[PDB]
Number of protein chains: 2
Amino acid sequence: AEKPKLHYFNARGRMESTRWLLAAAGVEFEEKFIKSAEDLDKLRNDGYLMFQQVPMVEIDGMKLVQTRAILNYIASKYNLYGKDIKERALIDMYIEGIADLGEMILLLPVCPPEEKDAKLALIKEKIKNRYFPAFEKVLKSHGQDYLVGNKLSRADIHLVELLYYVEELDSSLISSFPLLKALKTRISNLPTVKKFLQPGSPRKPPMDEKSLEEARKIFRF
Amino acid sequence: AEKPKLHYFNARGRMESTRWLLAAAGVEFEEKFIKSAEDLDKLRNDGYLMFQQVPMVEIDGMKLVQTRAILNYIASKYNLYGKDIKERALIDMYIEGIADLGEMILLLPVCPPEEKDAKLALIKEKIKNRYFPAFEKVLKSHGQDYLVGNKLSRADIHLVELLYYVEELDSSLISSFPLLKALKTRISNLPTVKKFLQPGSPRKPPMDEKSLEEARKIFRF
Ligand SMILES: C=C(CC)C(=O)c1ccc(OCC(=O)O)c(Cl)c1Cl
Ligand SMILES: C=C(CC)C(=O)c1ccc(OCC(=O)O)c(Cl)c1Cl
C-alpha cells in the first residue's frame with residue numbers, strides 16, 4: 001500500500017515515538033497489532049523481521065526494523081532532520097540524550113519492586129539536575145521557538161513527547177523550566193500534533209499491569 | 001586544533017567504535033585521557049559535556065557527546081554513510097543490530113558472577129542463531145564485497161570490529177559463516193584498517209580487572 005504499516009503490540013512500548021513523528025509529520029498510517037505469539041512467529045517465519053524482533057515498519061517498499069533506523073528514515077523523508085550535516089549533529093546529540101532519559105522511564109514498569117523507589121528517585125534527579133537544565137539552556141541561548149535551526153525538527157517532537165511522559169510521572173518537575181513549558185504548549189498547538197493529542201488518535205495510553213502481562217507473554221521478557 | 005580530540009578513559013568502553021571509524025577513515029586524532037575523577041569534573045565544570053558524561057569528541061568546532069551523534073557526524077563527513085536516504089536506512093538497520101549485540105558483549109565484564117555463565121551463553125546463542133546468520137544472509141544475497149551499495153561504509157567497519165570481539169570470546173562461532181570470515185579478512189587488509197590493527201596504533205586492549213576497578217572508581221558504576 002501507500003500508507004506505512006506499523007507492526008507492534010497494541011501499546012506505547014518502542015513504537016510510540018515513531019507514532020508521534022509520523023503524526024507530527026502529518027502522515028497517515030495503518031497499525032497491524034500483534035495479538036498473540038502466533039502472530040509474531042508468523043512474521044518471523046515470513047521473513048519480515050531481520051533480527052527476529054519488532055517494531056517493524058513497512059514503508060517505501062522496505063521492511064525496516066530497529067527503532068533508530070525507522071525514525072531516521074522518517075525524519076529524513078519528511079524534512080524533520082535539519083538542513084545540513086552540522087544541524088543533524090546537534091539534533092542527534094539532543095535526541096540521544098532524550099532517548100537515554102526516555103529508556104529509563106520506559107523500563108520503570110518492569111523494574112524490581114524493591115528498586116522501584118530508587119530508580120524513580122534516580123530518574124527524578126537526572127531530570128531535574130541533568131536533562132531539563134540542559135535543554136532549557138539551549139532554548140535560553142538562541143531564544144528561538146525551536147531547538148535547532150529556528151525550524152521544527154524531530155528534536156522538538158521527541159522532546160515534547162518526553163515532556164508528556166514526565167508530566168505523567170510528576171507534574172512539578174517542569175515547573176522550574178519555563179522555556180520547556182513554553183515549547184510544550186507551542187508544539188502542542190501545531191495542527192498535526194494537536195490532532196494526535198485529541199481523543200481517538202493512534203496515541204497510546206500509559207502501560208498498566210493488565211497489558212504488561214499480555215505483552216511479556218508474547219514477547220517473553 | 002585541526003585534529004579531533006577524543007576525551008575518554010584509557011580503555012575500549014564506549015569510545016572504541018569511534019576509534020575504529022576515524023582510523024578506517026584515515027583520520028589522525030588526539031586522545032585526551034581521563035586519569036582521575038578530578039579530570040572528569042574539570043570537563044563538567046568547564047561546560048564541555050552537555051549531559052555531564054563522556055565520550056566527548058571535539059571535532060569541527062563542536063563538542064559532541066552521545067556515541068551515536070559522534071559516529072553519525074564522522075560517518076557522514078567522510079562519506080561512509082551510504083549514497084542516499086534508502087542506503088542509510090539499510091546501514092542504520094544493520095548497525096543498530098550490531099550495536100545491540102555489541103552492548104551485551106560490552107557489559108559482560110560488569111555482569112553479576114552468578115549470571116556470567118548464562119549471559120555468556122545467551123550471547124553465544126544470539127550470535128549463532130540471530131545476528132551472524134542475518135549478516136551472512138545479506139552478503140550471500142548480493143554476493144558483493146560490501147554490506148551496502150557495493151562500497152565501503154560504516155556498516156563494514158562496525159561489523160568487522162564486532163567480529164574481532166566475538167573472536168576474543170570464542171573463535172569457533174564465526175566458522176560456520178564463511179562470507180563473514182571473508183569480509184573480516186578483506187576489510188582487515190584495507191591499508192587504513194591494517195594500520196590500526198598493527199601494534200602501537202590507538203586500538204585498545206580488552207578490559208581486565210585492574211582497569212575496570214580504576215574506571216568504575218572515576219565514573220562510579
Ligand atoms: C513497558 C515495557 C516493558 C519493559 C516496554 O518498554 C516494552 C518492551 C518491549 C515490548 O515489546 C517488544 C519490543 O521489541 O519492543 C513492549 Cl510491548 C513493551 Cl511495552
Ligand atoms: C567495560 C565496561 C564496564 C561496564 C564499560 O563498557 C564501560 C562503561 C563506561 C565507561 O566509562 C563511562 C562512559 O560514559 O562510557 C567505561 Cl571506561 C567502560 Cl570500560
# chains A, B, ... in the order shown; residues from 1 in each chain; ligands from 1
call {"tool": "residues_near_ligand", "arguments": {"ligand": "ligand 2", "cutoff": "12 Å", "atoms": "only C-alpha atoms and all ligand atoms", "output": "MDAnalysis selection string"}}
result
chainID B and resid 7:17 33:37 40 49 51:56 65:67 102:112 204:221
call {"tool": "residues_around", "arguments": {"residues": "stretch 129-131 of chain B", "least_positions_apart": "2", "cutoff": "12 Å", "atoms": "only C-alpha atoms", "output": "VMD selection string"}}
result
(chain A and resid 44 49 to 53) or (chain B and resid 93 to 102 121 to 127 133 to 138 159 162 to 163 166 173 to 174 176 to 177 180)
call {"tool": "residues_around", "arguments": {"residues": "residue A:201", "least_positions_apart": "5", "cutoff": "12 Å", "atoms": "only C-alpha atoms", "output": "list in words"}}
result
residues 19, 20, 23, 24, 28, 29, 30, 31, 192, 193, 194, 195 and 196 of chain A
call {"tool": "write_last_selection", "arguments": {"atoms": "N, CA and C atoms", "output": "mmCIF file, in the first residue's frame"}}
result
data_model
loop_
_atom_site.group_PDB
_atom_site.id
_atom_site.type_symbol
_atom_site.label_atom_id
_atom_site.label_comp_id
_atom_site.auth_asym_id
_atom_site.auth_seq_id
_atom_site.Cartn_x
_atom_site.Cartn_y
_atom_site.Cartn_z
ATOM 1 N N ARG A 19 5.159 6.812 16.190
ATOM 2 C CA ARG A 19 3.805 7.312 16.041
ATOM 3 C C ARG A 19 3.786 8.816 16.188
ATOM 4 N N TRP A 20 4.482 9.359 17.172
ATOM 5 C CA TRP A 20 4.477 10.798 17.323
ATOM 6 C C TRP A 20 5.117 11.499 16.144
ATOM 7 N N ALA A 23 2.716 11.241 12.855
ATOM 8 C CA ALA A 23 1.590 12.146 13.096
ATOM 9 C C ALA A 23 2.014 13.593 13.036
ATOM 10 N N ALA A 24 3.088 13.949 13.722
ATOM 11 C CA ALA A 24 3.557 15.322 13.682
ATOM 12 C C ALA A 24 3.917 15.681 12.256
ATOM 13 N N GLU A 28 -0.488 9.645 7.394
ATOM 14 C CA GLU A 28 -1.469 8.698 7.890
ATOM 15 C C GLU A 28 -0.843 7.328 7.851
ATOM 16 N N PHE A 29 -1.079 6.521 8.875
ATOM 17 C CA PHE A 29 -0.504 5.187 8.899
ATOM 18 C C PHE A 29 -1.481 4.140 9.386
ATOM 19 N N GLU A 30 -1.212 2.892 9.028
ATOM 20 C CA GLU A 30 -2.020 1.755 9.447
ATOM 21 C C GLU A 30 -1.241 1.045 10.536
ATOM 22 N N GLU A 31 -1.953 0.382 11.441
ATOM 23 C CA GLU A 31 -1.312 -0.353 12.509
ATOM 24 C C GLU A 31 -1.769 -1.782 12.481
ATOM 25 N N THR A 192 -1.097 19.441 13.395
ATOM 26 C CA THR A 192 -0.868 17.982 13.314
ATOM 27 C C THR A 192 -0.669 17.320 14.670
ATOM 28 N N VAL A 193 0.091 17.969 15.537
ATOM 29 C CA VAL A 193 0.335 17.426 16.858
ATOM 30 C C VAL A 193 -0.970 17.464 17.651
ATOM 31 N N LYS A 194 -1.619 18.632 17.670
ATOM 32 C CA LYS A 194 -2.896 18.850 18.370
ATOM 33 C C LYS A 194 -3.939 17.785 18.023
ATOM 34 N N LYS A 195 -3.912 17.312 16.790
ATOM 35 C CA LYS A 195 -4.840 16.289 16.361
ATOM 36 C C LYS A 195 -4.472 14.920 16.910
ATOM 37 N N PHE A 196 -3.173 14.706 17.128
ATOM 38 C CA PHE A 196 -2.651 13.449 17.654
ATOM 39 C C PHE A 196 -2.981 13.427 19.140
#
call {"tool": "residues_around", "arguments": {"residues": "residue B:89", "least_positions_apart": "3", "cutoff": "12 Å", "atoms": "only C-alpha atoms", "output": "PyMOL selection string"}}
result
(chain A and resi 57+59-77) or (chain B and resi 81-86+92-96+148-149+155)
call {"tool": "select_by_dssp", "arguments": {"residues": "stretch 84-217 of chain B", "states": "alpha helix (DSSP H)", "output": "number ranges by chain"}}
result
B: 85-107, 116-126, 132-142, 154-167, 178-188, 191-197, 209-215
call {"tool": "decode", "arguments": {"residues": "stretch 45-143 of chain B", "atoms": "C-alpha atoms", "output": "mmCIF file, in the first residue's frame"}}
result
data_model
loop_
_atom_site.group_PDB
_atom_site.id
_atom_site.type_symbol
_atom_site.label_atom_id
_atom_site.label_comp_id
_atom_site.auth_asym_id
_atom_site.auth_seq_id
_atom_site.Cartn_x
_atom_site.Cartn_y
_atom_site.Cartn_z
ATOM 1 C CA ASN B 45 32.599 22.342 35.253
ATOM 2 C CA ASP B 46 34.182 23.731 32.088
ATOM 3 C CA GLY B 47 30.899 23.003 30.370
ATOM 4 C CA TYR B 48 32.258 20.648 27.726
ATOM 5 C CA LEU B 49 29.795 17.852 28.425
ATOM 6 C CA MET B 50 26.136 18.630 27.637
ATOM 7 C CA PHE B 51 24.780 15.686 29.606
ATOM 8 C CA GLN B 52 27.634 15.524 32.109
ATOM 9 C CA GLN B 53 29.111 12.377 30.545
ATOM 10 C CA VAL B 54 31.757 11.178 28.097
ATOM 11 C CA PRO B 55 32.698 10.138 25.383
ATOM 12 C CA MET B 56 33.068 13.668 24.130
ATOM 13 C CA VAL B 57 34.733 14.492 20.816
ATOM 14 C CA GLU B 58 35.977 17.924 19.862
ATOM 15 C CA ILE B 59 35.600 17.976 16.089
ATOM 16 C CA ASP B 60 34.920 20.789 13.642
ATOM 17 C CA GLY B 61 34.453 23.285 16.448
ATOM 18 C CA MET B 62 31.744 21.278 18.163
ATOM 19 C CA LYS B 63 31.867 19.422 21.472
ATOM 20 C CA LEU B 64 29.824 16.370 20.540
ATOM 21 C CA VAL B 65 28.549 13.954 23.182
ATOM 22 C CA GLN B 66 26.476 10.798 22.881
ATOM 23 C CA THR B 67 28.177 7.981 20.925
ATOM 24 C CA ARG B 68 25.646 7.872 18.082
ATOM 25 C CA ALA B 69 25.726 11.602 17.483
ATOM 26 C CA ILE B 70 29.540 11.351 17.175
ATOM 27 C CA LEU B 71 29.549 8.308 14.894
ATOM 28 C CA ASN B 72 26.850 9.830 12.711
ATOM 29 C CA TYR B 73 28.762 13.037 12.134
ATOM 30 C CA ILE B 74 32.049 11.246 11.394
ATOM 31 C CA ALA B 75 30.398 8.699 9.114
ATOM 32 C CA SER B 76 28.698 11.486 7.160
ATOM 33 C CA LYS B 77 31.679 13.756 6.972
ATOM 34 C CA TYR B 78 33.867 11.034 5.472
ATOM 35 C CA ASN B 79 31.378 9.562 3.024
ATOM 36 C CA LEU B 80 30.933 6.331 4.954
ATOM 37 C CA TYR B 81 27.162 6.678 5.368
ATOM 38 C CA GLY B 82 25.850 5.453 2.005
ATOM 39 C CA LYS B 83 24.807 7.495 -1.033
ATOM 40 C CA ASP B 84 21.134 8.139 -0.414
ATOM 41 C CA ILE B 85 18.376 8.055 2.201
ATOM 42 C CA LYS B 86 17.444 4.485 1.329
ATOM 43 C CA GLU B 87 21.000 3.241 1.705
ATOM 44 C CA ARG B 88 21.295 4.968 5.066
ATOM 45 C CA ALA B 89 18.200 3.014 6.124
ATOM 46 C CA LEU B 90 19.867 -0.337 5.478
ATOM 47 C CA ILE B 91 23.078 0.801 7.131
ATOM 48 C CA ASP B 92 21.170 2.044 10.212
ATOM 49 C CA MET B 93 19.205 -1.188 10.415
ATOM 50 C CA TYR B 94 22.404 -3.285 10.247
ATOM 51 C CA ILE B 95 24.499 -1.211 12.613
ATOM 52 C CA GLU B 96 21.794 -0.928 15.271
ATOM 53 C CA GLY B 97 21.579 -4.707 15.311
ATOM 54 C CA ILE B 98 25.349 -4.759 15.594
ATOM 55 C CA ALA B 99 25.146 -2.187 18.362
ATOM 56 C CA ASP B 100 22.635 -4.329 20.237
ATOM 57 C CA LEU B 101 24.765 -7.468 20.222
ATOM 58 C CA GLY B 102 27.753 -5.334 20.986
ATOM 59 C CA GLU B 103 26.139 -3.774 24.069
ATOM 60 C CA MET B 104 25.714 -7.240 25.531
ATOM 61 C CA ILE B 105 29.342 -8.178 24.985
ATOM 62 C CA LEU B 106 30.405 -4.805 26.395
ATOM 63 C CA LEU B 107 28.627 -5.251 29.714
ATOM 64 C CA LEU B 108 29.746 -8.850 30.224
ATOM 65 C CA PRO B 109 32.694 -7.752 32.430
ATOM 66 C CA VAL B 110 30.435 -5.986 34.911
ATOM 67 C CA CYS B 111 27.939 -8.854 34.898
ATOM 68 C CA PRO B 112 26.975 -10.491 38.286
ATOM 69 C CA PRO B 113 29.173 -13.647 38.763
ATOM 70 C CA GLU B 114 26.157 -15.914 39.240
ATOM 71 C CA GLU B 115 24.820 -14.682 35.893
ATOM 72 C CA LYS B 116 28.064 -14.558 33.896
ATOM 73 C CA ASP B 117 27.688 -18.112 32.610
ATOM 74 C CA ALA B 118 24.096 -17.586 31.459
ATOM 75 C CA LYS B 119 24.651 -14.147 29.938
ATOM 76 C CA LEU B 120 27.625 -15.575 28.102
ATOM 77 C CA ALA B 121 25.514 -18.496 26.926
ATOM 78 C CA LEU B 122 22.704 -16.181 25.911
ATOM 79 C CA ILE B 123 25.118 -14.081 23.891
ATOM 80 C CA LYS B 124 26.564 -17.109 22.113
ATOM 81 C CA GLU B 125 23.056 -18.229 21.198
ATOM 82 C CA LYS B 126 22.092 -14.843 19.745
ATOM 83 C CA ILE B 127 25.313 -14.713 17.734
ATOM 84 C CA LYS B 128 24.928 -18.182 16.304
ATOM 85 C CA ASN B 129 21.180 -18.139 15.763
ATOM 86 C CA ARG B 130 20.216 -14.496 15.191
ATOM 87 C CA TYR B 131 22.884 -11.958 14.149
ATOM 88 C CA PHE B 132 25.591 -13.831 12.266
ATOM 89 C CA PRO B 133 23.002 -15.698 10.207
ATOM 90 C CA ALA B 134 21.314 -12.395 9.335
ATOM 91 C CA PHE B 135 24.503 -10.744 8.128
ATOM 92 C CA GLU B 136 25.730 -13.848 6.340
ATOM 93 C CA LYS B 137 22.397 -13.829 4.546
ATOM 94 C CA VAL B 138 22.856 -10.223 3.405
ATOM 95 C CA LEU B 139 26.306 -10.947 1.967
ATOM 96 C CA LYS B 140 25.023 -14.123 0.367
ATOM 97 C CA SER B 141 22.216 -12.215 -1.287
ATOM 98 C CA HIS B 142 24.038 -9.572 -3.283
ATOM 99 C CA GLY B 143 27.270 -11.545 -3.420
#
